[PDB]
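This report refers to the structure that appears directly beneath it.
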Amino acid sequence: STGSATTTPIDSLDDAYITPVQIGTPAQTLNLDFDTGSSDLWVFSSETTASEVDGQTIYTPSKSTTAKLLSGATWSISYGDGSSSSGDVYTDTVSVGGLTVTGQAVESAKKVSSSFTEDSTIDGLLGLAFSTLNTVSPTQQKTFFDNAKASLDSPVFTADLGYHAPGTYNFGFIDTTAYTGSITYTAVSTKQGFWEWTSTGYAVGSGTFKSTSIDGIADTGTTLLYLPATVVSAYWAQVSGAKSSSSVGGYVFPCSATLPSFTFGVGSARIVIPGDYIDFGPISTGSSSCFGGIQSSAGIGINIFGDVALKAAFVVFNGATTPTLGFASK
């Protein structure tokens with residue numbers, strides 16, 4: 001089997017991407033944030049504290065003839081941006097782009113933090129990291145991909161995120177029309193539960209490539225590119241007037257700037273992030289200070305190849321017995 005679903009930016013900055021997901025019988029379609037950095041499929045629901053729901057579409061398990069309470073199971077998760085959610089668990093039928101899993105754990109939120117409430121466009125998350133990170137207790141649950149894998153034509157999914165445009169998540173096949181040149185594959189460590197890999201270096205604009213190993217994670221649920229302070233300083237030094245602002249919470253730059261590209265290495269291959277992808281717009285409405293899309297990972301504890309990086313590539317998440325990651329230009 002295979003599946004193919006369009007993923008759409010939630011706003012004009014590509015702050016996140018939402019993908020429609022069918023849950024239950026009859027189908028209830030929710031728009032979920034596919035997150036290769038976590039491993040829980042959770043939704044706003046009829047159980048979510050009413051004051052914490054503001055415009056989201058909810059899953060109502062009592063209206064699904066295939067929903068079953070997973071008795072005694074609870075979940076609770078916190079994300080790198082400080083947001084969080086928790087609740088109980090149902091199993092139900094879940095379909096993405098025509099690919100159906102029966103008995104998928106659907107984690108129903110009883111509580112969500114303010115950042116979730118405030119984002120009316122995101123109805124929940126669909127985790128695509130390794131199932132070892134799943135938070136359900138006392139019986140850990142599998143991700144949608146893990147459940148689907150054996151049925152797929154090939155044990156893979158691909159992320160093809162758009163810049164200020166829709167893109168695609170495919171399950172079970174590689175669309176050879178969706179990228180240019182060849183796909184370069186690179187080793188993955190699953191030791192921390194992430195799609196963790198090592199970039200071979202970077203370049204800023206038309207500058208020379210610096211060969212240096214940068215361990216980090218491919219994370220579709222993180223907006224920006226978080227890299228070591230040395231790398232980030234080298235980038236922003238090429239933008240007149242750019243500076244790190246403790247009050248704003250990262251590097252800012254004059255909105256009048258033209259940003260240089262940023263290249264990262266995948267083995268001997270190179271992925272080029274155009275400068276425009278690094279512009280996250282005014283820090284506040286009407287400001288002439290703009291927020292940068294490349295930020296320091298110092299104090300995160302891990303480097304994160306978030307959407308800024310991934311949307312410059314066609315990315316293969318190869319879930320074969322020994323997982324690997326593939327990157328192609330597009």
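Chain identifiers are assigned as A, B, and so on, following the order in which chains appear in the structure tokens; residues are numbered from 1 within each chain, and ligands are numbered from 1 in order of appearance.
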
Near-residue 104 in chain A list (7 Å; only C-alpha atoms; drop same-chain fewer than 3 positions) as a ChimeraX atom specification
/A:91-94,101,144

As number ranges by chain, please: every residue in range 178-301 of chain A that a backbone DSSP assignment puts in helix (DSSP H, G or I).
A: 229-236, 275-278

Range 60-271 of chain A: which residues are strand (DSSP E or B) by DSSP, as a PyMOL selection string?
chain A and resi 68-78+84-96+99-112+124-127+137+156-160+167-171+184-187+189+196-204+210-218+225-227+243-245+250-254+262-266+269-271

I'd like the neighbourhood of range 286-290 of chain A as a PyMOL selection string, where a residue qualifies if any of its atoms comes within 10 Å (using only C-alpha atoms), though same-chain residues fewer than 3 positions away should be ignored.
chain A and resi 241-242+251-257+279-283+293

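The protein and nucleic acid residues lying at most 10 Å from residue 209 in chain A are residues 200, 201, 202, 203, 204, 205, 263, 264, 265 and 270 of chain A, with only C-alpha atoms considered and sequence neighbours fewer than 4 positions away removed.
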
Selection from above, N, CA and C atoms, as a PDB file, in the first residue's frame, can you write it?
```
ATOM      1  N   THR A 200      27.834  17.123   6.910  1.00  0.00           N
ATOM      2  CA  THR A 200      29.260  17.184   6.642  1.00  0.00           C
ATOM      3  C   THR A 200      29.829  18.606   6.575  1.00  0.00           C
ATOM      4  N   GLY A 201      28.983  19.626   6.734  1.00  0.00           N
ATOM      5  CA  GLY A 201      29.482  20.986   6.842  1.00  0.00           C
ATOM      6  C   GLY A 201      28.528  22.015   6.291  1.00  0.00           C
ATOM      7  N   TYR A 202      29.045  23.212   6.045  1.00  0.00           N
ATOM      8  CA  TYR A 202      28.189  24.300   5.618  1.00  0.00           C
ATOM      9  C   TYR A 202      28.943  25.350   4.828  1.00  0.00           C
ATOM     10  N   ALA A 203      28.177  26.166   4.109  1.00  0.00           N
ATOM     11  CA  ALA A 203      28.700  27.381   3.495  1.00  0.00           C
ATOM     12  C   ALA A 203      27.686  28.492   3.686  1.00  0.00           C
ATOM     13  N   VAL A 204      28.182  29.728   3.708  1.00  0.00           N
ATOM     14  CA  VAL A 204      27.337  30.915   3.787  1.00  0.00           C
ATOM     15  C   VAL A 204      27.417  31.643   2.452  1.00  0.00           C
ATOM     16  N   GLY A 205      26.270  31.852   1.813  1.00  0.00           N
ATOM     17  CA  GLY A 205      26.244  32.531   0.532  1.00  0.00           C
ATOM     18  C   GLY A 205      27.156  31.845  -0.465  1.00  0.00           C
ATOM     19  N   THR A 263      24.172  26.810   2.809  1.00  0.00           N
ATOM     20  CA  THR A 263      24.320  25.462   2.277  1.00  0.00           C
ATOM     21  C   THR A 263      24.689  24.510   3.405  1.00  0.00           C
ATOM     22  N   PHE A 264      24.057  23.336   3.436  1.00  0.00           N
ATOM     23  CA  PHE A 264      24.495  22.279   4.337  1.00  0.00           C
ATOM     24  C   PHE A 264      24.880  21.028   3.564  1.00  0.00           C
ATOM     25  N   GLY A 265      25.841  20.292   4.113  1.00  0.00           N
ATOM     26  CA  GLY A 265      26.339  19.089   3.483  1.00  0.00           C
ATOM     27  C   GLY A 265      25.589  17.843   3.892  1.00  0.00           C
ATOM     28  N   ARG A 270      25.233  18.640  -1.481  1.00  0.00           N
ATOM     29  CA  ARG A 270      24.999  19.944  -0.889  1.00  0.00           C
ATOM     30  C   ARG A 270      23.537  20.327  -1.103  1.00  0.00           C
TER      31      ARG A 270
END
```

Taking into account only C-alpha atoms, which residue in the set A:27, A:73, A:232, A:225 is nearest to residue 137 in chain A?
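Of all the options, A:73 lies closest to residue 137 in chain A.
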
List the neighbours of residue 311 in chain A out to 8 Å using only C-alpha atoms; skip same-chain residues closer than 6 positions along the sequence, and give me the result as a list in words.
residues 160, 161, 162 and 163 of chain A
